[PDB]
file coords_17.cif (mmCIF, C-alpha atoms and all ligand atoms)
data_query
loop_
_atom_site.label_atom_id
_atom_site.label_comp_id
_atom_site.auth_asym_id
_atom_site.auth_seq_id
_atom_site.Cartn_x
_atom_site.Cartn_y
_atom_site.Cartn_z
CA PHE A 515 120.12 -5.66 40.56
CA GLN A 516 120.66 -2.88 37.94
CA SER A 517 121.53 0.84 38.44
CA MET A 518 121.34 4.30 36.75
CA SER A 519 123.17 7.62 37.03
CA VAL A 520 121.29 10.95 36.94
CA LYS A 521 123.36 14.18 37.22
CA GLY A 522 126.14 12.35 39.14
CA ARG A 523 123.64 10.72 41.57
CA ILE A 524 123.33 6.89 41.60
CA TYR A 525 119.91 5.11 41.57
CA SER A 526 119.27 1.39 42.00
CA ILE A 527 116.35 0.03 39.91
CA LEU A 528 113.74 -1.81 42.05
CA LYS A 529 111.16 -2.62 39.30
CA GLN A 530 109.67 -1.33 36.03
CA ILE A 531 106.30 0.43 36.72
CA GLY A 532 105.29 1.21 33.11
CA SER A 533 106.30 1.31 29.42
CA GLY A 534 105.04 3.90 26.89
CA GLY A 535 106.17 5.40 23.57
CA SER A 536 110.01 4.76 23.44
CA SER A 537 109.70 5.21 27.24
CA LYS A 538 110.01 3.20 30.50
CA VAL A 539 109.14 4.22 34.11
CA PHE A 540 111.14 2.59 36.90
CA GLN A 541 110.72 2.52 40.68
CA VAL A 542 114.18 3.38 42.08
CA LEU A 543 116.19 4.01 45.29
CA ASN A 544 118.71 6.88 45.68
CA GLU A 545 122.02 6.96 47.77
CA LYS A 546 119.98 7.92 50.92
CA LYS A 547 117.54 4.93 50.29
CA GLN A 548 114.69 7.36 49.28
CA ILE A 549 112.16 6.05 46.74
CA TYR A 550 111.68 7.84 43.35
CA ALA A 551 110.18 7.13 39.95
CA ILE A 552 112.61 7.50 37.03
CA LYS A 553 111.14 8.12 33.61
CA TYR A 554 113.56 6.97 30.86
CA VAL A 555 113.00 8.29 27.30
CA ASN A 556 114.94 6.83 24.35
CA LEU A 557 115.77 9.61 21.83
CA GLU A 558 117.31 7.32 19.09
CA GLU A 559 114.32 7.34 16.66
CA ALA A 560 112.87 10.77 17.74
CA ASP A 561 112.63 13.61 15.14
CA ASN A 562 112.87 17.42 15.81
CA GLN A 563 109.09 17.97 16.36
CA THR A 564 108.98 14.95 18.81
CA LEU A 565 112.13 16.38 20.60
CA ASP A 566 110.55 19.88 20.79
CA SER A 567 107.31 18.32 22.17
CA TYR A 568 109.44 16.51 24.86
CA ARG A 569 111.51 19.64 25.80
CA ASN A 570 108.33 21.78 25.93
CA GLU A 571 106.55 19.37 28.29
CA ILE A 572 109.65 19.14 30.55
CA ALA A 573 109.85 22.98 30.78
CA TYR A 574 106.12 23.24 31.68
CA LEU A 575 106.41 20.41 34.23
CA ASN A 576 109.50 22.09 35.74
CA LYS A 577 107.75 25.54 35.90
CA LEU A 578 104.26 24.37 37.04
CA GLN A 579 105.31 22.28 40.02
CA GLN A 580 105.90 25.50 42.04
CA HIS A 581 102.21 26.54 41.40
CA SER A 582 100.43 23.40 42.62
CA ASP A 583 101.18 20.33 44.75
CA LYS A 584 98.55 18.55 42.54
CA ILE A 585 101.22 18.43 39.78
CA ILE A 586 103.68 15.47 40.08
CA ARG A 587 107.15 16.47 41.42
CA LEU A 588 110.10 16.60 39.00
CA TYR A 589 113.23 16.60 41.24
CA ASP A 590 115.90 16.48 38.54
CA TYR A 591 116.61 15.38 34.97
CA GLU A 592 119.39 14.45 32.62
CA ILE A 593 118.94 15.12 28.91
CA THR A 594 121.31 14.19 26.11
CA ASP A 595 120.85 13.53 22.35
CA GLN A 596 120.41 9.81 23.17
CA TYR A 597 118.09 9.89 26.20
CA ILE A 598 116.14 11.70 28.88
CA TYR A 599 116.18 10.52 32.55
CA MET A 600 113.60 12.28 34.73
CA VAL A 601 113.80 11.90 38.52
CA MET A 602 110.26 12.09 39.75
CA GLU A 603 107.90 11.49 42.60
CA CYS A 604 106.85 7.87 43.04
CA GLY A 605 103.12 7.37 43.63
CA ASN A 606 101.26 4.34 44.97
CA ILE A 607 99.21 3.60 41.81
CA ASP A 608 97.60 5.44 38.90
CA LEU A 609 93.87 6.24 39.12
CA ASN A 610 92.94 3.90 36.19
CA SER A 611 94.46 0.77 37.89
CA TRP A 612 92.96 1.83 41.28
CA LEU A 613 89.43 2.30 39.77
CA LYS A 614 89.63 -1.06 37.86
CA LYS A 615 90.66 -2.86 41.13
CA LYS A 616 88.03 -1.17 43.42
CA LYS A 617 84.43 -2.48 43.70
CA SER A 618 82.68 0.55 45.31
CA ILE A 619 84.29 4.00 45.90
CA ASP A 620 83.66 6.00 49.13
CA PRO A 621 81.74 9.31 48.41
CA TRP A 622 84.29 11.25 50.53
CA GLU A 623 87.27 9.70 48.61
CA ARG A 624 85.48 10.51 45.29
CA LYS A 625 85.05 14.19 46.36
CA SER A 626 88.67 14.74 47.57
CA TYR A 627 89.92 13.14 44.29
CA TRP A 628 87.57 15.42 42.26
CA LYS A 629 88.91 18.49 44.18
CA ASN A 630 92.56 17.43 43.35
CA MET A 631 91.80 16.84 39.63
CA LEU A 632 90.12 20.33 39.47
CA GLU A 633 93.09 22.03 41.18
CA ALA A 634 95.67 20.32 38.82
CA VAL A 635 93.67 20.97 35.61
CA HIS A 636 92.92 24.55 36.77
CA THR A 637 96.72 25.14 37.26
CA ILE A 638 97.62 24.06 33.64
CA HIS A 639 94.76 26.24 32.22
CA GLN A 640 96.16 29.30 34.08
CA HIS A 641 99.37 28.72 32.10
CA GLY A 642 97.62 28.39 28.70
CA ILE A 643 97.69 24.55 28.63
CA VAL A 644 94.65 22.52 27.58
CA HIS A 645 95.44 18.82 28.15
CA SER A 646 92.72 17.64 25.62
CA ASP A 647 93.31 13.92 26.42
CA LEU A 648 92.40 13.58 30.09
CA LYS A 649 91.68 10.04 31.34
CA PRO A 650 92.20 8.33 34.79
CA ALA A 651 95.70 7.07 33.69
CA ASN A 652 96.90 10.76 33.69
CA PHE A 653 96.35 10.82 37.49
CA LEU A 654 98.46 9.30 40.24
CA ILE A 655 97.56 8.58 43.84
CA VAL A 656 100.39 9.87 46.13
CA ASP A 657 99.40 9.56 49.86
CA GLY A 658 95.62 9.82 49.29
CA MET A 659 96.13 12.76 46.86
CA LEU A 660 95.61 12.84 43.09
CA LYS A 661 98.37 14.42 41.00
CA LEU A 662 98.36 15.15 37.28
CA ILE A 663 101.36 13.31 35.79
CA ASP A 664 101.45 14.82 32.28
CA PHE A 665 100.23 17.88 30.29
CA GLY A 666 99.22 16.28 26.96
CA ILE A 667 102.08 18.28 25.23
CA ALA A 668 104.65 15.47 24.46
CA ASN A 669 104.01 13.11 21.43
CA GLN A 683 95.13 4.08 28.33
CA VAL A 684 96.36 4.26 24.67
CA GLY A 685 93.86 5.65 22.14
CA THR A 686 90.81 5.57 24.51
CA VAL A 687 87.74 7.42 23.13
CA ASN A 688 85.40 7.15 26.22
CA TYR A 689 86.67 10.53 27.67
CA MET A 690 86.68 12.40 24.31
CA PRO A 691 84.64 15.67 24.04
CA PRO A 692 82.16 15.99 21.11
CA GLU A 693 84.15 19.01 19.72
CA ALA A 694 87.38 16.89 19.52
CA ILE A 695 85.47 14.36 17.34
CA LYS A 696 83.99 17.20 15.14
CA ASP A 697 87.45 18.90 14.64
CA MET A 698 88.85 15.50 13.51
CA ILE A 711 89.82 22.54 21.65
CA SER A 712 89.38 24.97 24.55
CA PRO A 713 89.67 24.62 28.41
CA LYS A 714 86.02 23.32 28.19
CA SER A 715 87.31 20.14 26.43
CA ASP A 716 89.10 19.15 29.70
CA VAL A 717 85.86 19.78 31.69
CA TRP A 718 84.06 17.14 29.49
CA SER A 719 86.92 14.62 30.12
CA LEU A 720 87.01 15.34 33.89
CA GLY A 721 83.19 14.93 33.80
CA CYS A 722 83.60 11.45 32.23
CA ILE A 723 86.11 10.47 35.04
CA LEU A 724 83.66 11.64 37.75
CA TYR A 725 80.80 9.80 35.93
CA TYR A 726 82.97 6.61 36.02
CA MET A 727 83.63 7.22 39.80
CA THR A 728 79.85 7.68 40.31
CA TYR A 729 78.13 4.96 38.18
CA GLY A 730 81.12 2.57 37.68
CA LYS A 731 81.12 3.11 33.88
CA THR A 732 81.85 6.00 31.46
CA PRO A 733 78.70 7.63 29.79
CA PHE A 734 79.13 5.74 26.48
CA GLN A 735 81.08 2.61 27.75
CA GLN A 736 78.20 0.20 26.79
CA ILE A 737 78.57 1.06 23.05
CA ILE A 738 81.25 -1.49 21.90
CA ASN A 739 81.45 -0.29 18.23
CA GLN A 740 83.83 2.74 18.20
CA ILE A 741 82.14 4.58 15.23
CA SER A 742 78.63 4.03 16.74
CA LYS A 743 80.11 5.33 20.06
CA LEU A 744 81.68 8.42 18.31
CA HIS A 745 78.24 9.13 16.71
CA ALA A 746 76.55 8.87 20.15
CA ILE A 747 79.02 11.38 21.79
CA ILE A 748 78.20 14.02 19.09
CA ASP A 749 74.43 13.15 18.79
CA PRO A 750 72.25 15.70 20.76
CA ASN A 751 69.27 13.27 20.48
CA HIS A 752 71.35 10.54 22.23
CA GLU A 753 70.45 11.39 25.86
CA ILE A 754 73.08 10.65 28.56
CA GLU A 755 71.49 8.81 31.53
CA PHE A 756 72.06 10.34 34.99
CA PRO A 757 70.34 7.88 37.44
CA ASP A 758 69.16 9.29 40.81
CA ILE A 759 71.76 9.07 43.62
CA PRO A 760 71.71 10.42 47.27
CA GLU A 761 74.20 13.18 46.32
CA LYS A 762 72.08 15.56 44.16
CA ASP A 763 75.04 18.05 43.90
CA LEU A 764 77.16 15.22 42.32
CA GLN A 765 74.33 14.50 39.80
CA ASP A 766 74.30 18.28 38.93
CA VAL A 767 78.14 18.51 38.39
CA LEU A 768 77.87 15.49 36.02
CA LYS A 769 75.04 17.09 33.96
CA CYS A 770 76.93 20.47 33.88
CA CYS A 771 80.21 18.83 32.72
CA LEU A 772 78.58 16.60 30.09
CA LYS A 773 76.91 19.40 28.04
CA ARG A 774 77.71 18.64 24.34
CA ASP A 775 77.94 22.37 23.51
CA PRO A 776 81.19 23.81 25.00
CA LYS A 777 79.42 27.23 25.35
CA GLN A 778 76.75 25.57 27.59
CA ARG A 779 79.40 23.61 29.56
CA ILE A 780 80.46 24.69 33.09
CA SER A 781 84.04 26.10 33.47
CA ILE A 782 86.76 24.99 35.98
CA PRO A 783 86.42 28.26 38.05
CA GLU A 784 82.65 27.54 38.30
CA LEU A 785 83.26 23.87 39.19
CA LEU A 786 85.54 25.12 42.03
CA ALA A 787 82.63 27.22 43.51
CA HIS A 788 80.08 24.36 43.03
CA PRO A 789 78.21 23.16 46.22
CA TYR A 790 79.57 19.63 45.48
CA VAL A 791 83.15 20.74 46.35
CA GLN A 792 82.22 23.44 48.93
CA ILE A 793 79.30 22.20 51.06
CA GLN A 794 80.60 19.99 53.90
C1 LIG B 1 104.05 1.89 42.87
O1 LIG B 1 104.37 2.28 41.57
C2 LIG B 1 103.28 2.39 40.75
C3 LIG B 1 102.55 1.24 40.50
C4 LIG B 1 101.46 1.33 39.65
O2 LIG B 1 100.66 0.25 39.43
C5 LIG B 1 100.50 -0.19 38.10
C6 LIG B 1 99.23 -1.05 38.09
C7 LIG B 1 99.10 -1.77 36.74
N1 LIG B 1 100.26 -2.63 36.43
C8 LIG B 1 100.10 -3.34 35.14
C9 LIG B 1 101.51 -1.83 36.49
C10 LIG B 1 101.72 -1.08 37.82
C11 LIG B 1 101.11 2.54 39.05
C12 LIG B 1 101.85 3.68 39.33
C13 LIG B 1 102.95 3.61 40.19
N2 LIG B 1 103.68 4.78 40.47
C14 LIG B 1 104.08 5.77 39.60
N3 LIG B 1 104.81 6.77 40.23
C15 LIG B 1 105.31 7.73 39.46
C16 LIG B 1 105.10 7.73 38.10
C17 LIG B 1 104.32 6.67 37.55
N4 LIG B 1 103.78 5.66 38.26
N5 LIG B 1 104.23 6.87 36.17
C18 LIG B 1 103.49 6.04 35.21
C19 LIG B 1 101.99 5.97 35.54
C20 LIG B 1 101.50 4.61 35.05
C21 LIG B 1 102.73 3.72 34.92
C22 LIG B 1 103.95 4.57 35.24
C23 LIG B 1 104.97 8.04 35.84
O3 LIG B 1 105.14 8.51 34.75
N6 LIG B 1 105.50 8.55 37.04
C24 LIG B 1 106.33 9.74 37.11
#
call {"tool": "encode", "arguments": {"input": "coords_17.cif", "output": "structure tokens", "more": "lines below"}}
Ligand SMILES: COc1cc(OC2CCN(C)CC2)ccc1Nc1ncc2c(n1)n(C1CCCC1)c(=O)n2C
result
Amino acid sequence: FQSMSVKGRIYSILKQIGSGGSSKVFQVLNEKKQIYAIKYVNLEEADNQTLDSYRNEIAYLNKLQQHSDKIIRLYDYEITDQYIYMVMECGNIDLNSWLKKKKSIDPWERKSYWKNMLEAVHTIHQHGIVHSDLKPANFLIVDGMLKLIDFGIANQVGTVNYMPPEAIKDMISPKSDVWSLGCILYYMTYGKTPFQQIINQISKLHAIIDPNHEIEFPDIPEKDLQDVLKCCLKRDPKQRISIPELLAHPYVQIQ
């Protein structure tokens, strides 16, 4: 059994949840036997722009948690020249792992999750943040609630199935996140992303930008859900619905 120290407080490591870019996420217990998630970041090989991207995301995370409970909690952190330790909220599972494990999703569960994703993404937009790389792995289930875990600021790896056509053309506005959220809801509706069937990545990238390539929206009992999907997956950002409009949509309002 291994331990860690964060700002004088001792944490015993239970297990490693994940491992990213020079990073590890651990499930830990504090002195009062409370469960937390500790994100460890190794700063050994990080350059000044990478460091500035890390500091900037921490500051936004720290500031934005007061504005919405749909943003993961950041309780404390320890930052040196060698590492970052972030004491965070521990969730049950990320949305990507949950969706991959589940056969059929409940329409009520789908709707509450969609409301949470809208509230979290709306919060970051109000602060001038466009995520631009939204995917289900950016969301965490904490007591039947979805929380955004990151803001896309700091430097499902390289997935293209949630990419807006304008991100492919450029290589970004708040509308880019609407397309990505639309793809997540489409996955929660039909069990696949709109272009998932296209295995070849270049042929898939061409389909996402092609106006002639029609996205299929098969008939479902929830007509409002079908409408949200069609409104989100408009290839022209100017013709795409906004987050404030999605928040007043019958799909999230009509009980
Ligand atoms: C119970 O602990 C979990 C288990 C879990 O299940 C994963 C399913 C797939 N396997 C391969 C790994 C565990 C996902 C998230 C969590 N909780 C959690 N709670 C808090 C987390 C956090 N994850 N993550 C990453 C998201 C993906 C991996 C780590 C974080 O960055 N924080 C702050």
call {"tool": "residues_near_ligand", "arguments": {"input": "coords_17.cif", "ligand": "ligand LIG 1 (chain B)", "cutoff": "9 Å", "atoms": "all atoms listed in the file", "output": "PDB file with C-alpha atoms, keeping the file's coordinate frame"}}
result
ATOM      1  CA  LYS A 529     111.160  -2.620  39.300  1.00  0.00           C
ATOM      2  CA  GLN A 530     109.670  -1.330  36.030  1.00  0.00           C
ATOM      3  CA  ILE A 531     106.300   0.430  36.720  1.00  0.00           C
ATOM      4  CA  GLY A 532     105.290   1.210  33.110  1.00  0.00           C
ATOM      5  CA  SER A 533     106.300   1.310  29.420  1.00  0.00           C
ATOM      6  CA  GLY A 534     105.040   3.900  26.890  1.00  0.00           C
ATOM      7  CA  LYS A 538     110.010   3.200  30.500  1.00  0.00           C
ATOM      8  CA  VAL A 539     109.140   4.220  34.110  1.00  0.00           C
ATOM      9  CA  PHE A 540     111.140   2.590  36.900  1.00  0.00           C
ATOM     10  CA  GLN A 541     110.720   2.520  40.680  1.00  0.00           C
ATOM     11  CA  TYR A 550     111.680   7.840  43.350  1.00  0.00           C
ATOM     12  CA  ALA A 551     110.180   7.130  39.950  1.00  0.00           C
ATOM     13  CA  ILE A 552     112.610   7.500  37.030  1.00  0.00           C
ATOM     14  CA  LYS A 553     111.140   8.120  33.610  1.00  0.00           C
ATOM     15  CA  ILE A 586     103.680  15.470  40.080  1.00  0.00           C
ATOM     16  CA  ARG A 587     107.150  16.470  41.420  1.00  0.00           C
ATOM     17  CA  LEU A 588     110.100  16.600  39.000  1.00  0.00           C
ATOM     18  CA  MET A 600     113.600  12.280  34.730  1.00  0.00           C
ATOM     19  CA  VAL A 601     113.800  11.900  38.520  1.00  0.00           C
ATOM     20  CA  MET A 602     110.260  12.090  39.750  1.00  0.00           C
ATOM     21  CA  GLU A 603     107.900  11.490  42.600  1.00  0.00           C
ATOM     22  CA  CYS A 604     106.850   7.870  43.040  1.00  0.00           C
ATOM     23  CA  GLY A 605     103.120   7.370  43.630  1.00  0.00           C
ATOM     24  CA  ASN A 606     101.260   4.340  44.970  1.00  0.00           C
ATOM     25  CA  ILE A 607      99.210   3.600  41.810  1.00  0.00           C
ATOM     26  CA  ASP A 608      97.600   5.440  38.900  1.00  0.00           C
ATOM     27  CA  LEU A 609      93.870   6.240  39.120  1.00  0.00           C
ATOM     28  CA  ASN A 610      92.940   3.900  36.190  1.00  0.00           C
ATOM     29  CA  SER A 611      94.460   0.770  37.890  1.00  0.00           C
ATOM     30  CA  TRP A 612      92.960   1.830  41.280  1.00  0.00           C
ATOM     31  CA  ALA A 651      95.700   7.070  33.690  1.00  0.00           C
ATOM     32  CA  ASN A 652      96.900  10.760  33.690  1.00  0.00           C
ATOM     33  CA  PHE A 653      96.350  10.820  37.490  1.00  0.00           C
ATOM     34  CA  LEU A 654      98.460   9.300  40.240  1.00  0.00           C
ATOM     35  CA  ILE A 655      97.560   8.580  43.840  1.00  0.00           C
ATOM     36  CA  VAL A 656     100.390   9.870  46.130  1.00  0.00           C
ATOM     37  CA  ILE A 663     101.360  13.310  35.790  1.00  0.00           C
ATOM     38  CA  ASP A 664     101.450  14.820  32.280  1.00  0.00           C
TER      39      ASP A 664
END
call {"tool": "closest_residue", "arguments": {"input": "coords_17.cif", "among": "A:535, A:642, A:721, A:776", "to": "residue A:689", "atoms": "only C-alpha atoms"}}
result
A:721
call {"tool": "residues_around", "arguments": {"input": "coords_17.cif", "residues": "residue A:516", "least_positions_apart": "4", "cutoff": "10 Å", "atoms": "all atoms listed in the file", "output": "tab-separated table (two decimals) with C-alpha atoms, in the coordinates of the input"}}
result
chain	number	residue	atom	x	y	z
A	525	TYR	CA	119.91	5.11	41.57
A	526	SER	CA	119.27	1.39	42.00
A	527	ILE	CA	116.35	0.03	39.91
A	528	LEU	CA	113.74	-1.81	42.05
A	529	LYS	CA	111.16	-2.62	39.30
A	542	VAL	CA	114.18	3.38	42.08
call {"tool": "residues_around", "arguments": {"input": "coords_17.cif", "residues": "residue A:790", "least_positions_apart": "4", "cutoff": "9 Å", "atoms": "only C-alpha atoms", "output": "compact mmCIF listing (two decimals) with C-alpha atoms, in the coordinates of the input"}}
result
# COMPACT_ATOMS: atom_id res chain seq x y z
CA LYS A 625 85.05 14.19 46.36
CA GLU A 761 74.20 13.18 46.32
CA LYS A 762 72.08 15.56 44.16
CA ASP A 763 75.04 18.05 43.90
CA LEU A 764 77.16 15.22 42.32
CA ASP A 766 74.30 18.28 38.93
CA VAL A 767 78.14 18.51 38.39
CA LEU A 785 83.26 23.87 39.19
CA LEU A 786 85.54 25.12 42.03
CA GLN A 794 80.60 19.99 53.90
call {"tool": "residues_around", "arguments": {"input": "coords_17.cif", "residues": "residue A:751", "least_positions_apart": "5", "cutoff": "12 Å", "atoms": "all atoms listed in the file", "output": "number ranges by chain"}}
result
A: 745-746, 774
call {"tool": "residues_near_point", "arguments": {"input": "coords_17.cif", "point": "(83.3, 5.1, 20.0)", "cutoff": "12 Å", "atoms": "all atoms listed in the file", "output": "PyMOL selection string"}}
result
chain A and resi 685-692+695+732-748
call {"tool": "closest_residue", "arguments": {"input": "coords_17.cif", "among": "A:631, A:659, A:717, A:772", "to": "residue A:646", "atoms": "only C-alpha atoms"}}
result
A:717
call {"tool": "atom_distance", "arguments": {"input": "coords_17.cif", "atom1": "atom CA of residue A:669", "atom2": "atom CA of residue A:570"}}
result
10.7 Å
call {"tool": "closest_residue", "arguments": {"input": "coords_17.cif", "among": "A:521, A:650, A:619, A:662", "to": "residue A:594", "atoms": "only C-alpha atoms"}}
result
A:521
call {"tool": "residues_around", "arguments": {"input": "coords_17.cif", "residues": "residue A:520", "least_positions_apart": "6", "cutoff": "7 Å", "atoms": "only C-alpha atoms", "output": "PyMOL selection string"}}
result
chain A and resi 591-592+599
call {"tool": "write_last_selection", "arguments": {"input": "coords_17.cif", "atoms": "C-alpha atoms", "output": "short mmCIF file (atom, residue, chain, number, x, y, z; two decimals), in the coordinates of the input"}}
result
data_model
loop_
_atom_site.label_atom_id
_atom_site.label_comp_id
_atom_site.auth_asym_id
_atom_site.auth_seq_id
_atom_site.Cartn_x
_atom_site.Cartn_y
_atom_site.Cartn_z
CA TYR A 591 116.61 15.38 34.97
CA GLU A 592 119.39 14.45 32.62
CA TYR A 599 116.18 10.52 32.55
#
call {"tool": "closest_residue", "arguments": {"input": "coords_17.cif", "among": "A:770, A:787, A:723, A:668", "to": "residue A:566", "atoms": "all atoms listed in the file"}}
result
A:668
call {"tool": "atom_distance", "arguments": {"input": "coords_17.cif", "atom1": "atom CA of residue A:771", "atom2": "atom CA of residue A:720"}}
result
7.7 Å
call {"tool": "residues_around", "arguments": {"input": "coords_17.cif", "residues": "residue A:580", "least_positions_apart": "5", "cutoff": "12 Å", "atoms": "all atoms listed in the file", "output": "NGL selection string"}}
result
:A and (574-575 or 585-589 or 634 or 637-638)
call {"tool": "write_last_selection", "arguments": {"input": "coords_17.cif", "atoms": "C-alpha atoms", "output": "CSV table (one decimal), in the frame of the given file"}}
result
chain,number,residue,atom,x,y,z
A,574,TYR,CA,106.1,23.2,31.7
A,575,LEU,CA,106.4,20.4,34.2
A,585,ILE,CA,101.2,18.4,39.8
A,586,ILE,CA,103.7,15.5,40.1
A,587,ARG,CA,107.2,16.5,41.4
A,588,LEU,CA,110.1,16.6,39.0
A,589,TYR,CA,113.2,16.6,41.2
A,634,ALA,CA,95.7,20.3,38.8
A,637,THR,CA,96.7,25.1,37.3
A,638,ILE,CA,97.6,24.1,33.6
call {"tool": "atom_distance", "arguments": {"input": "coords_17.cif", "atom1": "atom CA of residue A:565", "atom2": "atom CA of residue A:544"}}
result
27.6 Å
call {"tool": "closest_residue", "arguments": {"input": "coords_17.cif", "among": "A:667, A:613, A:768, A:598", "to": "residue A:727", "atoms": "all atoms listed in the file"}}
result
A:613
call {"tool": "closest_residue", "arguments": {"input": "coords_17.cif", "among": "A:752, A:569, A:661, A:769", "to": "residue A:725", "atoms": "all atoms listed in the file"}}
result
A:769
call {"tool": "decode", "arguments": {"input": "coords_17.cif", "residues": "stretch 658-685 of chain A", "atoms": "N, CA, C and O atoms", "output": "mmCIF file, in the first residue's frame"}}
result
data_model
loop_
_atom_site.group_PDB
_atom_site.id
_atom_site.type_symbol
_atom_site.label_atom_id
_atom_site.label_comp_id
_atom_site.auth_asym_id
_atom_site.auth_seq_id
_atom_site.Cartn_x
_atom_site.Cartn_y
_atom_site.Cartn_z
ATOM 1 N N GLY A 658 -25.151 9.833 -10.409
ATOM 2 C CA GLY A 658 -26.167 10.023 -11.442
ATOM 3 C C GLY A 658 -26.126 11.372 -12.147
ATOM 4 O O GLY A 658 -27.076 11.724 -12.850
ATOM 5 N N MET A 659 -25.024 12.127 -11.977
ATOM 6 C CA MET A 659 -24.814 13.442 -12.578
ATOM 7 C C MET A 659 -23.594 13.420 -13.472
ATOM 8 O O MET A 659 -22.563 12.875 -13.074
ATOM 9 N N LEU A 660 -23.672 14.078 -14.632
ATOM 10 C CA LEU A 660 -22.516 14.224 -15.509
ATOM 11 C C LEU A 660 -21.780 15.500 -15.169
ATOM 12 O O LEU A 660 -22.395 16.541 -14.947
ATOM 13 N N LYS A 661 -20.464 15.404 -15.100
ATOM 14 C CA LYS A 661 -19.579 16.538 -14.822
ATOM 15 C C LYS A 661 -18.498 16.589 -15.882
ATOM 16 O O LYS A 661 -17.929 15.554 -16.249
ATOM 17 N N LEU A 662 -18.216 17.789 -16.372
ATOM 18 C CA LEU A 662 -17.127 18.015 -17.309
ATOM 19 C C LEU A 662 -15.823 17.943 -16.506
ATOM 20 O O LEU A 662 -15.712 18.579 -15.451
ATOM 21 N N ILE A 663 -14.865 17.126 -16.964
ATOM 22 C CA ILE A 663 -13.635 16.925 -16.196
ATOM 23 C C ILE A 663 -12.473 17.808 -16.661
ATOM 24 O O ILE A 663 -11.548 18.065 -15.871
ATOM 25 N N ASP A 664 -12.525 18.286 -17.914
ATOM 26 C CA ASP A 664 -11.452 19.128 -18.434
ATOM 27 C C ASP A 664 -11.985 20.186 -19.426
ATOM 28 O O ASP A 664 -13.135 20.091 -19.898
ATOM 29 N N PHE A 665 -11.160 21.206 -19.714
ATOM 30 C CA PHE A 665 -11.585 22.337 -20.539
ATOM 31 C C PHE A 665 -10.933 22.413 -21.935
ATOM 32 O O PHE A 665 -11.141 23.388 -22.655
ATOM 33 N N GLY A 666 -10.219 21.371 -22.328
ATOM 34 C CA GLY A 666 -9.515 21.335 -23.603
ATOM 35 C C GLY A 666 -8.304 22.263 -23.690
ATOM 36 O O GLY A 666 -7.661 22.306 -24.740
ATOM 37 N N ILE A 667 -7.967 23.019 -22.603
ATOM 38 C CA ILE A 667 -6.869 24.007 -22.580
ATOM 39 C C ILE A 667 -5.464 23.374 -22.495
ATOM 40 O O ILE A 667 -4.566 23.802 -23.235
ATOM 41 N N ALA A 668 -5.254 22.424 -21.548
ATOM 42 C CA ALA A 668 -3.948 21.776 -21.339
ATOM 43 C C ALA A 668 -3.573 20.853 -22.501
ATOM 44 O O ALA A 668 -4.456 20.171 -23.035
ATOM 45 N N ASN A 669 -2.258 20.838 -22.882
ATOM 46 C CA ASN A 669 -1.666 20.025 -23.958
ATOM 47 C C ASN A 669 -1.943 18.523 -23.790
ATOM 48 O O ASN A 669 -1.782 17.970 -22.702
ATOM 49 N N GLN A 683 -9.854 8.627 -24.818
ATOM 50 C CA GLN A 683 -10.286 8.694 -26.219
ATOM 51 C C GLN A 683 -9.313 9.548 -27.067
ATOM 52 O O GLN A 683 -9.711 10.540 -27.692
ATOM 53 N N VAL A 684 -8.030 9.125 -27.082
ATOM 54 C CA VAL A 684 -6.922 9.779 -27.783
ATOM 55 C C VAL A 684 -7.098 9.809 -29.306
ATOM 56 O O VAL A 684 -7.292 8.766 -29.943
ATOM 57 N N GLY A 685 -7.039 11.023 -29.851
ATOM 58 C CA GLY A 685 -7.129 11.315 -31.275
ATOM 59 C C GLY A 685 -8.391 10.897 -32.004
ATOM 60 O O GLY A 685 -8.344 10.737 -33.225
#
